[PDB]
>>> print(open('structure-v7.pdb').read())   # PDB, C-alpha atoms and all ligand atoms
ATOM      1  CA  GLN A 901       0.000   0.000   0.000
ATOM      2  CA  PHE A 902       3.063   2.274  -0.100
ATOM      3  CA  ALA A 903       4.000   4.336  -3.114
ATOM      4  CA  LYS A 904       7.606   4.682  -1.972
ATOM      5  CA  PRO A 905       9.761   2.939   0.688
ATOM      6  CA  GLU A 906       9.621   6.086   2.816
ATOM      7  CA  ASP A 907       5.843   5.692   3.026
ATOM      8  CA  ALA A 908       6.338   2.221   4.562
ATOM      9  CA  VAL A 909       8.850   3.668   7.004
ATOM     10  CA  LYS A 910       6.412   6.386   8.064
ATOM     11  CA  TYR A 911       3.580   3.834   8.415
ATOM     12  CA  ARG A 912       5.568   1.430  10.570
ATOM     13  CA  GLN A 913       6.907   4.233  12.756
ATOM     14  CA  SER A 914       3.339   5.469  13.277
ATOM     15  CA  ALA A 915       2.033   1.968  13.906
ATOM     16  CA  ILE A 916       4.730   1.272  16.437
ATOM     17  CA  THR A 917       4.181   4.655  18.120
ATOM     18  CA  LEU A 918       0.510   3.773  18.567
ATOM     19  CA  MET A 919       1.272   0.244  19.751
ATOM     20  CA  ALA A 920       3.830   1.551  22.185
ATOM     21  CA  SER A 921       1.382   4.077  23.611
ATOM     22  CA  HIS A 922      -1.348   1.493  24.145
ATOM     23  CA  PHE A 923       1.210  -0.767  25.849
ATOM     24  CA  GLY A 924       3.026   1.867  27.908
ATOM     25  CA  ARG A 925      -0.087   3.653  29.120
ATOM     26  CA  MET A 926      -0.818   0.585  31.238
ATOM     27  CA  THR A 927       2.457   0.844  33.187
ATOM     28  CA  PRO A 928       0.901   2.816  36.079
ATOM     29  CA  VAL A 929      -1.900   0.251  36.328
ATOM     30  CA  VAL A 930       0.472  -2.703  36.336
ATOM     31  CA  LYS A 931       2.573  -0.931  39.020
ATOM     32  CA  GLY A 932      -0.544  -0.167  41.122
ATOM     33  CA  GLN A 933       0.008   3.618  40.805
ATOM     34  CA  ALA A 934      -3.271   3.952  38.910
ATOM     35  CA  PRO A 935      -6.463   2.014  39.655
ATOM     36  CA  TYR A 936      -7.246  -1.223  37.918
ATOM     37  CA  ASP A 937     -10.513  -1.151  36.007
ATOM     38  CA  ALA A 938     -10.805  -4.530  34.327
ATOM     39  CA  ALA A 939     -13.179  -3.311  31.619
ATOM     40  CA  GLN A 940     -10.923  -0.353  30.820
ATOM     41  CA  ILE A 941      -7.908  -2.605  30.428
ATOM     42  CA  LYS A 942      -9.804  -5.237  28.468
ATOM     43  CA  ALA A 943     -10.834  -2.591  25.948
ATOM     44  CA  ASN A 944      -7.331  -1.113  25.767
ATOM     45  CA  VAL A 945      -5.742  -4.493  25.219
ATOM     46  CA  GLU A 946      -8.206  -5.169  22.401
ATOM     47  CA  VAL A 947      -6.919  -1.992  20.740
ATOM     48  CA  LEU A 948      -3.345  -3.098  21.411
ATOM     49  CA  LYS A 949      -3.987  -6.524  19.833
ATOM     50  CA  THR A 950      -5.168  -4.852  16.605
ATOM     51  CA  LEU A 951      -2.253  -2.434  16.619
ATOM     52  CA  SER A 952       0.337  -5.119  17.426
ATOM     53  CA  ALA A 953      -0.365  -6.900  14.154
ATOM     54  CA  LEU A 954       0.137  -3.834  11.948
ATOM     55  CA  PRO A 955       3.827  -2.830  11.870
ATOM     56  CA  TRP A 956       5.190  -6.040  10.401
ATOM     57  CA  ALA A 957       3.492  -5.737   6.987
ATOM     58  CA  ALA A 958       5.337  -2.434   6.521
ATOM     59  CA  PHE A 959       8.744  -4.073   6.463
ATOM     60  CA  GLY A 960       8.136  -5.532   3.013
ATOM     61  CA  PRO A 961      10.822  -6.113   0.462
ATOM     62  CA  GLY A 962      12.549  -2.912  -0.581
ATOM     63  CA  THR A 963      11.418  -0.880   2.407
ATOM     64  CA  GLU A 964      14.785  -0.485   4.061
ATOM     65  CA  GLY A 965      15.101   2.732   6.045
ATOM     66  CA  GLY A 966      14.358   4.459   9.303
ATOM     67  CA  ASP A 967      15.870   2.671  12.271
ATOM     68  CA  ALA A 968      15.227  -0.783  10.829
ATOM     69  CA  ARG A 969      18.408  -2.805  10.616
ATOM     70  CA  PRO A 970      19.078  -4.514   7.276
ATOM     71  CA  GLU A 971      19.122  -7.818   9.100
ATOM     72  CA  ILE A 972      15.363  -7.686   9.197
ATOM     73  CA  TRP A 973      15.398  -8.620   5.464
ATOM     74  CA  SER A 974      18.469 -10.810   5.204
ATOM     75  CA  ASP A 975      17.334 -12.815   8.272
ATOM     76  CA  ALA A 976      13.660 -12.857   7.454
ATOM     77  CA  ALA A 977      12.901 -16.098   9.312
ATOM     78  CA  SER A 978      14.504 -14.860  12.533
ATOM     79  CA  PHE A 979      12.724 -11.484  12.330
ATOM     80  CA  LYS A 980       9.454 -13.293  11.826
ATOM     81  CA  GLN A 981      10.156 -15.362  14.950
ATOM     82  CA  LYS A 982      10.669 -12.210  16.993
ATOM     83  CA  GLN A 983       7.410 -10.650  15.668
ATOM     84  CA  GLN A 984       5.564 -13.956  16.233
ATOM     85  CA  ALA A 985       6.866 -14.326  19.771
ATOM     86  CA  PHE A 986       5.808 -10.781  20.482
ATOM     87  CA  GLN A 987       2.359 -11.363  19.013
ATOM     88  CA  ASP A 988       2.040 -14.624  20.995
ATOM     89  CA  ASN A 989       2.765 -12.682  24.203
ATOM     90  CA  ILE A 990       0.159 -10.184  23.113
ATOM     91  CA  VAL A 991      -2.305 -13.154  23.017
ATOM     92  CA  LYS A 992      -1.295 -13.968  26.605
ATOM     93  CA  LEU A 993      -1.850 -10.327  27.630
ATOM     94  CA  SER A 994      -5.309 -10.415  25.987
ATOM     95  CA  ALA A 995      -6.119 -13.567  27.955
ATOM     96  CA  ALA A 996      -5.034 -11.912  31.167
ATOM     97  CA  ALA A 997      -7.064  -8.771  30.426
ATOM     98  CA  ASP A 998     -10.097 -10.823  29.405
ATOM     99  CA  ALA A 999      -9.850 -12.723  32.750
ATOM    100  CA  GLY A1000      -9.801  -9.507  34.727
ATOM    101  CA  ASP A1001      -6.825 -10.592  36.852
ATOM    102  CA  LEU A1002      -4.243  -7.978  37.773
ATOM    103  CA  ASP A1003      -1.591 -10.528  38.835
ATOM    104  CA  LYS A1004      -1.837 -12.257  35.468
ATOM    105  CA  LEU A1005      -1.903  -8.892  33.701
ATOM    106  CA  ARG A1006       1.318  -7.835  35.388
ATOM    107  CA  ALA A1007       3.100 -11.039  34.451
ATOM    108  CA  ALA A1008       1.863 -10.933  30.843
ATOM    109  CA  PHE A1009       2.788  -7.278  30.563
ATOM    110  CA  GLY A1010       6.332  -7.979  31.586
ATOM    111  CA  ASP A1011       6.595 -10.791  29.005
ATOM    112  CA  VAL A1012       5.395  -8.451  26.281
ATOM    113  CA  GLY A1013       7.889  -5.779  27.324
ATOM    114  CA  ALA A1014      10.699  -8.335  27.226
ATOM    115  CA  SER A1015       9.686  -9.258  23.681
ATOM    116  CA  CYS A1016       9.769  -5.601  22.595
ATOM    117  CA  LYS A1017      13.338  -5.347  23.889
ATOM    118  CA  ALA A1018      14.371  -8.672  22.399
ATOM    119  CA  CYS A1019      13.426  -7.492  18.933
ATOM    120  CA  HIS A1020      15.098  -4.134  19.425
ATOM    121  CA  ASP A1021      18.333  -5.772  20.540
ATOM    122  CA  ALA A1022      18.624  -7.546  17.211
ATOM    123  CA  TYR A1023      16.757  -5.412  14.693
ATOM    124  CA  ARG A1024      16.531  -1.742  15.753
ATOM    125  CA  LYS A1025      19.422   0.637  14.989
TER
ATOM    126  CA  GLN B 901      -1.841   8.851  28.592
ATOM    127  CA  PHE B 902       0.452  11.682  27.456
ATOM    128  CA  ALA B 903       3.183  13.116  29.625
ATOM    129  CA  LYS B 904       3.322  16.339  27.619
ATOM    130  CA  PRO B 905       1.045  17.965  24.987
ATOM    131  CA  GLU B 906       3.600  17.120  22.303
ATOM    132  CA  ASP B 907       3.094  13.430  23.080
ATOM    133  CA  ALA B 908      -0.631  13.824  22.289
ATOM    134  CA  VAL B 909       0.251  15.611  19.065
ATOM    135  CA  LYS B 910       2.595  12.803  18.026
ATOM    136  CA  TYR B 911      -0.024  10.161  18.932
ATOM    137  CA  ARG B 912      -2.827  11.788  16.966
ATOM    138  CA  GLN B 913      -0.592  12.392  13.955
ATOM    139  CA  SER B 914       0.417   8.716  14.024
ATOM    140  CA  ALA B 915      -3.158   7.565  14.521
ATOM    141  CA  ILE B 916      -4.377   9.670  11.649
ATOM    142  CA  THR B 917      -1.496   8.509   9.429
ATOM    143  CA  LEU B 918      -2.531   4.907  10.067
ATOM    144  CA  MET B 919      -6.223   5.643   9.558
ATOM    145  CA  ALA B 920      -5.475   7.486   6.362
ATOM    146  CA  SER B 921      -3.403   4.602   5.023
ATOM    147  CA  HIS B 922      -6.094   2.020   5.740
ATOM    148  CA  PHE B 923      -8.641   4.291   4.033
ATOM    149  CA  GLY B 924      -6.530   5.399   1.068
ATOM    150  CA  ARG B 925      -5.140   1.971   0.253
ATOM    151  CA  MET B 926      -8.634   1.012  -0.890
ATOM    152  CA  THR B 927      -8.776   3.739  -3.562
ATOM    153  CA  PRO B 928      -7.570   1.433  -6.372
ATOM    154  CA  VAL B 929     -10.176  -1.156  -5.375
ATOM    155  CA  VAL B 930     -13.002   1.366  -5.278
ATOM    156  CA  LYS B 931     -11.871   2.675  -8.708
ATOM    157  CA  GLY B 932     -11.683  -0.881 -10.134
ATOM    158  CA  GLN B 933      -7.920  -0.554 -10.813
ATOM    159  CA  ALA B 934      -7.215  -3.340  -8.324
ATOM    160  CA  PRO B 935      -9.335  -6.465  -7.844
ATOM    161  CA  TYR B 936     -12.088  -6.598  -5.291
ATOM    162  CA  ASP B 937     -11.632  -9.349  -2.732
ATOM    163  CA  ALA B 938     -14.527  -9.007  -0.317
ATOM    164  CA  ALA B 939     -12.752 -10.797   2.529
ATOM    165  CA  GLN B 940      -9.645  -8.644   2.091
ATOM    166  CA  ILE B 941     -11.682  -5.460   2.258
ATOM    167  CA  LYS B 942     -13.816  -6.669   5.148
ATOM    168  CA  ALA B 943     -10.672  -7.301   7.180
ATOM    169  CA  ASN B 944      -9.125  -3.965   6.196
ATOM    170  CA  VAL B 945     -12.250  -2.048   7.098
ATOM    171  CA  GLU B 946     -12.292  -3.762  10.494
ATOM    172  CA  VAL B 947      -8.790  -2.373  11.050
ATOM    173  CA  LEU B 948      -9.952   1.031   9.823
ATOM    174  CA  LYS B 949     -12.923   1.014  12.235
ATOM    175  CA  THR B 950     -10.562   0.466  15.191
ATOM    176  CA  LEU B 951      -8.158   3.117  13.950
ATOM    177  CA  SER B 952     -10.906   5.652  13.180
ATOM    178  CA  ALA B 953     -11.881   5.834  16.838
ATOM    179  CA  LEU B 954      -8.373   6.589  18.119
ATOM    180  CA  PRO B 955      -7.307  10.119  17.100
ATOM    181  CA  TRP B 956     -10.054  12.010  18.888
ATOM    182  CA  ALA B 957      -8.990  11.102  22.448
ATOM    183  CA  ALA B 958      -5.634  12.756  21.715
ATOM    184  CA  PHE B 959      -7.147  16.200  21.337
ATOM    185  CA  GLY B 960      -7.766  16.491  25.069
ATOM    186  CA  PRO B 961      -7.677  19.715  26.980
ATOM    187  CA  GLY B 962      -4.287  21.391  26.843
ATOM    188  CA  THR B 963      -3.037  19.473  23.827
ATOM    189  CA  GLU B 964      -2.977  22.344  21.383
ATOM    190  CA  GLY B 965      -0.311  21.969  18.711
ATOM    191  CA  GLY B 966       0.587  20.390  15.418
ATOM    192  CA  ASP B 967      -1.819  21.325  12.657
ATOM    193  CA  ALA B 968      -4.849  21.279  14.945
ATOM    194  CA  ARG B 969      -6.701  24.567  14.852
ATOM    195  CA  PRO B 970      -7.564  26.093  18.236
ATOM    196  CA  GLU B 971     -11.202  25.971  17.241
ATOM    197  CA  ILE B 972     -11.171  22.287  18.004
ATOM    198  CA  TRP B 973     -11.200  23.227  21.735
ATOM    199  CA  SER B 974     -13.207  26.430  21.750
ATOM    200  CA  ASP B 975     -15.899  24.788  19.564
ATOM    201  CA  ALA B 976     -15.820  21.405  21.211
ATOM    202  CA  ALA B 977     -19.421  20.490  20.360
ATOM    203  CA  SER B 978     -18.943  21.234  16.659
ATOM    204  CA  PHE B 979     -15.650  19.301  16.512
ATOM    205  CA  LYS B 980     -17.353  16.370  18.164
ATOM    206  CA  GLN B 981     -20.085  16.505  15.507
ATOM    207  CA  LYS B 982     -17.492  16.313  12.748
ATOM    208  CA  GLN B 983     -15.729  13.327  14.418
ATOM    209  CA  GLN B 984     -19.110  11.651  15.059
ATOM    210  CA  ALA B 985     -20.276  12.151  11.489
ATOM    211  CA  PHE B 986     -17.020  10.701  10.272
ATOM    212  CA  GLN B 987     -17.307   7.722  12.603
ATOM    213  CA  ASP B 988     -20.948   7.209  11.534
ATOM    214  CA  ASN B 989     -19.801   7.051   7.894
ATOM    215  CA  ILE B 990     -17.169   4.578   8.978
ATOM    216  CA  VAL B 991     -20.081   2.425  10.314
ATOM    217  CA  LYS B 992     -21.695   2.662   6.865
ATOM    218  CA  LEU B 993     -18.410   1.624   5.210
ATOM    219  CA  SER B 994     -18.176  -1.362   7.598
ATOM    220  CA  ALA B 995     -21.718  -2.357   6.633
ATOM    221  CA  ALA B 996     -20.844  -2.146   2.969
ATOM    222  CA  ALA B 997     -17.657  -4.184   3.443
ATOM    223  CA  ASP B 998     -19.470  -6.751   5.582
ATOM    224  CA  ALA B 999     -22.098  -7.121   2.786
ATOM    225  CA  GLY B1000     -19.437  -7.753   0.184
ATOM    226  CA  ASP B1001     -20.933  -5.258  -2.282
ATOM    227  CA  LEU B1002     -18.559  -3.148  -4.346
ATOM    228  CA  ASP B1003     -21.235  -0.620  -5.403
ATOM    229  CA  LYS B1004     -22.128   0.022  -1.773
ATOM    230  CA  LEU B1005     -18.444   0.106  -0.840
ATOM    231  CA  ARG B1006     -17.750   2.780  -3.430
ATOM    232  CA  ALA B1007     -20.608   4.958  -2.245
ATOM    233  CA  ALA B1008     -19.681   4.557   1.434
ATOM    234  CA  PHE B1009     -16.045   5.249   0.662
ATOM    235  CA  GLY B1010     -16.897   8.515  -0.981
ATOM    236  CA  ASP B1011     -19.018   9.557   2.028
ATOM    237  CA  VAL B1012     -16.127   8.828   4.362
ATOM    238  CA  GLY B1013     -13.726  10.820   2.191
ATOM    239  CA  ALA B1014     -16.132  13.762   2.195
ATOM    240  CA  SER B1015     -16.216  13.641   5.993
ATOM    241  CA  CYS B1016     -12.405  13.694   6.181
ATOM    242  CA  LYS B1017     -12.393  16.854   4.061
ATOM    243  CA  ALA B1018     -15.252  18.437   5.972
ATOM    244  CA  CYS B1019     -13.310  18.208   9.208
ATOM    245  CA  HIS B1020     -10.130  19.474   7.597
ATOM    246  CA  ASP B1021     -11.919  22.489   6.149
ATOM    247  CA  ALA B1022     -12.855  23.649   9.626
ATOM    248  CA  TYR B1023     -10.225  22.242  11.968
ATOM    249  CA  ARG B1024      -6.914  21.513  10.197
ATOM    250  CA  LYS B1025      -4.365  24.318   9.706
TER
HETATM  251  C1  LIG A1101      10.359  -6.518  16.131
HETATM  252  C2  LIG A1101       9.596  -7.794  15.919
HETATM  253  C3  LIG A1101       9.843  -5.480  17.105
HETATM  254  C4  LIG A1101       8.992  -5.585  18.169
HETATM  255  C5  LIG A1101       8.333  -6.856  18.751
HETATM  256  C6  LIG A1101       8.817  -4.295  18.715
HETATM  257  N1  LIG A1101       9.535  -3.372  17.997
HETATM  258 FE1  LIG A1101       9.827  -1.429  18.510
HETATM  259  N2  LIG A1101      10.776  -1.173  16.675
HETATM  260  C7  LIG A1101      11.199  -2.166  15.843
HETATM  261  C8  LIG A1101      11.894  -1.585  14.778
HETATM  262  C9  LIG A1101      12.551  -2.354  13.632
HETATM  263  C10 LIG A1101      11.851  -0.228  14.906
HETATM  264  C11 LIG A1101      12.365   0.840  13.923
HETATM  265  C12 LIG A1101      11.295   1.127  12.846
HETATM  266  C13 LIG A1101      11.830   2.080  11.769
HETATM  267  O1  LIG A1101      11.775   1.753  10.571
HETATM  268  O2  LIG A1101      12.303   3.154  12.214
HETATM  269  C14 LIG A1101      11.140   0.012  16.132
HETATM  270  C15 LIG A1101      10.892   1.256  16.690
HETATM  271  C16 LIG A1101      10.294   1.578  17.889
HETATM  272  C17 LIG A1101      10.026   2.841  18.419
HETATM  273  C18 LIG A1101      10.189   4.206  17.696
HETATM  274  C19 LIG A1101       9.063   4.391  16.618
HETATM  275  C20 LIG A1101       9.131   5.697  15.828
HETATM  276  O3  LIG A1101       8.239   6.542  15.951
HETATM  277  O4  LIG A1101      10.093   5.848  15.011
HETATM  278  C21 LIG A1101       9.409   2.665  19.633
HETATM  279  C22 LIG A1101       8.888   3.702  20.604
HETATM  280  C23 LIG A1101       9.277   1.259  19.809
HETATM  281  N3  LIG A1101       9.806   0.589  18.781
HETATM  282  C24 LIG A1101       8.597   0.663  20.905
HETATM  283  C25 LIG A1101       8.186  -0.677  20.981
HETATM  284  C26 LIG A1101       7.420  -1.278  22.024
HETATM  285  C27 LIG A1101       6.997  -0.544  23.303
HETATM  286  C28 LIG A1101       7.237  -2.564  21.694
HETATM  287  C29 LIG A1101       6.466  -3.678  22.370
HETATM  288  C30 LIG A1101       5.126  -3.249  22.976
HETATM  289  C31 LIG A1101       7.925  -2.760  20.455
HETATM  290  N4  LIG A1101       8.476  -1.605  20.028
HETATM  291  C32 LIG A1101       8.068  -3.992  19.817
HETATM  292  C33 LIG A1101      10.956  -3.534  16.010
HETATM  293  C34 LIG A1101      10.143  -4.102  17.020
HETATM  294  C1  LIG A1102     -11.765  15.783  12.361
HETATM  295  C2  LIG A1102     -12.969  15.184  13.027
HETATM  296  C3  LIG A1102     -10.995  14.987  11.328
HETATM  297  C4  LIG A1102     -11.364  13.930  10.546
HETATM  298  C5  LIG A1102     -12.749  13.253  10.435
HETATM  299  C6  LIG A1102     -10.242  13.542   9.782
HETATM  300  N1  LIG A1102      -9.162  14.333  10.085
HETATM  301 FE1  LIG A1102      -7.389  14.358   9.095
HETATM  302  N2  LIG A1102      -6.690  15.672  10.550
HETATM  303  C7  LIG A1102      -7.451  16.343  11.461
HETATM  304  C8  LIG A1102      -6.623  17.215  12.174
HETATM  305  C9  LIG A1102      -7.087  18.167  13.276
HETATM  306  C10 LIG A1102      -5.335  17.044  11.759
HETATM  307  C11 LIG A1102      -4.056  17.684  12.329
HETATM  308  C12 LIG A1102      -3.544  16.865  13.534
HETATM  309  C13 LIG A1102      -2.355  17.556  14.213
HETATM  310  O1  LIG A1102      -2.392  17.795  15.433
HETATM  311  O2  LIG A1102      -1.406  17.836  13.440
HETATM  312  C14 LIG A1102      -5.403  16.060  10.712
HETATM  313  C15 LIG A1102      -4.331  15.602   9.965
HETATM  314  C16 LIG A1102      -4.312  14.729   8.899
HETATM  315  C17 LIG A1102      -3.214  14.257   8.178
HETATM  316  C18 LIG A1102      -1.715  14.475   8.517
HETATM  317  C19 LIG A1102      -1.304  13.610   9.760
HETATM  318  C20 LIG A1102       0.153  13.756  10.198
HETATM  319  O3  LIG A1102       0.928  12.799  10.103
HETATM  320  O4  LIG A1102       0.510  14.863  10.711
HETATM  321  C21 LIG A1102      -3.683  13.398   7.214
HETATM  322  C22 LIG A1102      -2.914  12.597   6.186
HETATM  323  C23 LIG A1102      -5.094  13.334   7.394
HETATM  324  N3  LIG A1102      -5.492  14.128   8.392
HETATM  325  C24 LIG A1102      -5.944  12.472   6.651
HETATM  326  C25 LIG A1102      -7.272  12.154   6.976
HETATM  327  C26 LIG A1102      -8.116  11.220   6.305
HETATM  328  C27 LIG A1102      -7.712  10.468   5.030
HETATM  329  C28 LIG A1102      -9.292  11.211   6.948
HETATM  330  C29 LIG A1102     -10.548  10.392   6.739
HETATM  331  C30 LIG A1102     -10.300   8.923   6.385
HETATM  332  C31 LIG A1102      -9.177  12.172   8.002
HETATM  333  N4  LIG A1102      -7.944  12.718   8.017
HETATM  334  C32 LIG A1102     -10.221  12.545   8.848
HETATM  335  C33 LIG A1102      -8.825  16.171  11.666
HETATM  336  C34 LIG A1102      -9.630  15.196  11.029
END
>>> encode(input="structure-v7.pdb", output="structure tokens")
Amino acid sequence: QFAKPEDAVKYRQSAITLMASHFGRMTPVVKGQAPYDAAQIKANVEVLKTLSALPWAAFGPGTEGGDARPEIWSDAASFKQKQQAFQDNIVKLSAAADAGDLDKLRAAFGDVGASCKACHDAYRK
Amino acid sequence: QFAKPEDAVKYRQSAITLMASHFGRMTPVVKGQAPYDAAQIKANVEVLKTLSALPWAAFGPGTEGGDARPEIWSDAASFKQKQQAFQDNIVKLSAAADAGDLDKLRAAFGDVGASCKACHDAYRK
């Protein structure tokens, strides 16, 4: 859907910005600094699950740029494993949020965060 | 969820970028230049319906900036009517996509586009 590689870069940066906001805005809740409203979190995590699927389609062939390392394309199977693992932890976070259980939310949140970092360590400049 | 007004600006710009991409990428399909795959479009419009709800919460009080005109805040009821009308046309586009009917999709797409422009005419610098 991108006329030029730069358009894919801008899309994925925007997608990731949104994803990151819907993840990070739960930090005070996980930490207990903000109240836990199970319905609120369930709805937010539903947004996050939609958003978490979007960046990866904007690293298509020929869309090198931004802070994406070239290894994303030359190691496509490994990059896909990092995106898959992240999306699988997002499924776990959805399950926690759907259950309405703060202890499970906290644990699932930390797993997601670790998956963000794991991908960055290998694939973000 | 924004530490500073600029963070709300960046969020809404990213949200709108995503929304705009999921809308605009259907232009070739509407025009008949790309094939019409009803399932493909139904799924894309589901993404668009999630995205289309997100920008407006990032124009909260005190988040003036970017290319948002100040009238968004001093005319809050009118701005809400433009966002509502847009989201109501998004519901119509979802119905069209769910029905699998290209003629209805085309018509609903044009209504959505007109609502984008209508808001810009009043509220985008
Ligand atoms: C690989 C499978 C990743 C996962 C999982 C996550 N991120 Fe990431 N992120 C990745 C890349 C390759 C890039 C650079 C994109 C580019 O082309 O520039 C990023 C970037 C970010 C950014 C900055 C976005 C911007 O506006 O430029 C942030 C804030 C960020 N990533 C956060 C983030 C979070 C919180 C994640 C898990 C919830 C996450 N990312 C996962 C690759 C990957
Ligand atoms: C008001 C209810 C709007 C509707 C409906 C749509 N847009 Fe808009 N848009 C609006 C504002 C106030 C702004 C400026 C935001 C800011 O703070 O800068 C915008 C901006 C855009 C942009 C540029 C985004 C960026 O990256 O800075 C685009 C490409 C854009 N808008 C497109 C767009 C489309 C295609 C819409 C309907 C599908 C649409 N917008 C609706 C306000 C409103």
>>> residues_near_ligand(input="structure-v7.pdb", ligand="ligand LIG 1101 (chain A)", cutoff="9 Å", atoms="all atoms listed in the file", output="PyMOL selection string")
(chain A and resi 908-924+948+952+955-956+958-959+963-969+972+979-987+990+1009+1012-1025) or (chain B and resi 910+914)
>>> atom_distance(input="structure-v7.pdb", atom1="atom CA of residue 925 of chain B", atom2="atom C6 of ligand LIG 1102 (chain A)")
15.8 Å
>>> residues_around(input="structure-v7.pdb", residues="residue 997 of chain B", least_positions_apart="2", cutoff="12 Å", atoms="only C-alpha atoms", output="ChimeraX atom specification")
/B:926,929-930,936-949,990-995,999-1009
>>> closest_residue(input="structure-v7.pdb", among="A:932, A:953, A:905, A:961", to="chain B", atoms="all atoms listed in the file")
A:953
>>> axis_aligned_box(input="structure-v7.pdb", around="segment 906-919 of chain B", padding_each_side="8 Å", output="lines of an AutoDock Vina configuration file")
center_x = -1.3
center_y = 11.0
center_z = 16.3
size_x = 25.8
size_y = 28.2
size_z = 29.7
>>> atom_distance(input="structure-v7.pdb", atom1="atom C27 of ligand LIG 1102 (chain A)", atom2="atom CA of residue 907 of chain A")
14.5 Å
>>> closest_residue(input="structure-v7.pdb", among="B:904, B:951, B:1010, B:935", to="chain A", atoms="only C-alpha atoms")
B:951
>>> closest_residue(input="structure-v7.pdb", among="B:933, B:989, B:974, B:901", to="ligand LIG 1102 (chain A)", atoms="only C-alpha atoms and all ligand atoms")
B:989
>>> atom_distance(input="structure-v7.pdb", atom1="atom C3 of ligand LIG 1102 (chain A)", atom2="atom CA of residue 906 of chain B")
18.4 Å
>>> build_atoms(input="structure-v7.pdb", residues="segment 967-979 of chain B", atoms="N, CA and C atoms", output="mmCIF file, keeping the file's coordinate frame")
data_model
loop_
_atom_site.group_PDB
_atom_site.id
_atom_site.type_symbol
_atom_site.label_atom_id
_atom_site.label_comp_id
_atom_site.auth_asym_id
_atom_site.auth_seq_id
_atom_site.Cartn_x
_atom_site.Cartn_y
_atom_site.Cartn_z
ATOM 1 N N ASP B 967 -0.965 20.615 13.591
ATOM 2 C CA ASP B 967 -1.819 21.325 12.657
ATOM 3 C C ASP B 967 -3.274 21.333 13.103
ATOM 4 N N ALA B 968 -3.489 21.121 14.389
ATOM 5 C CA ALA B 968 -4.849 21.279 14.945
ATOM 6 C C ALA B 968 -5.191 22.725 15.130
ATOM 7 N N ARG B 969 -6.328 23.182 14.613
ATOM 8 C CA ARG B 969 -6.701 24.567 14.852
ATOM 9 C C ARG B 969 -7.279 24.705 16.251
ATOM 10 N N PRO B 970 -7.078 25.872 16.874
ATOM 11 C CA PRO B 970 -7.564 26.093 18.236
ATOM 12 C C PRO B 970 -9.062 25.960 18.375
ATOM 13 N N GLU B 971 -9.766 26.151 17.249
ATOM 14 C CA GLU B 971 -11.202 25.971 17.241
ATOM 15 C C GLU B 971 -11.661 24.587 17.636
ATOM 16 N N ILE B 972 -10.761 23.612 17.526
ATOM 17 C CA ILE B 972 -11.171 22.287 18.004
ATOM 18 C C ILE B 972 -11.601 22.330 19.461
ATOM 19 N N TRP B 973 -10.948 23.144 20.281
ATOM 20 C CA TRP B 973 -11.200 23.227 21.735
ATOM 21 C C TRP B 973 -12.230 24.274 22.105
ATOM 22 N N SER B 974 -12.234 25.379 21.371
ATOM 23 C CA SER B 974 -13.207 26.430 21.750
ATOM 24 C C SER B 974 -14.563 26.110 21.125
ATOM 25 N N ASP B 975 -14.644 25.267 20.096
ATOM 26 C CA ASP B 975 -15.899 24.788 19.564
ATOM 27 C C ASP B 975 -16.026 23.304 19.760
ATOM 28 N N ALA B 976 -15.944 22.840 20.987
ATOM 29 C CA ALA B 976 -15.820 21.405 21.211
ATOM 30 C C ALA B 976 -17.031 20.667 20.685
ATOM 31 N N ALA B 977 -18.237 21.230 20.804
ATOM 32 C CA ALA B 977 -19.421 20.490 20.360
ATOM 33 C C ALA B 977 -19.427 20.353 18.844
ATOM 34 N N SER B 978 -19.031 21.388 18.108
ATOM 35 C CA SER B 978 -18.943 21.234 16.659
ATOM 36 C C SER B 978 -17.861 20.240 16.222
ATOM 37 N N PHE B 979 -16.690 20.266 16.840
ATOM 38 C CA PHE B 979 -15.650 19.301 16.512
ATOM 39 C C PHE B 979 -16.112 17.862 16.770
#
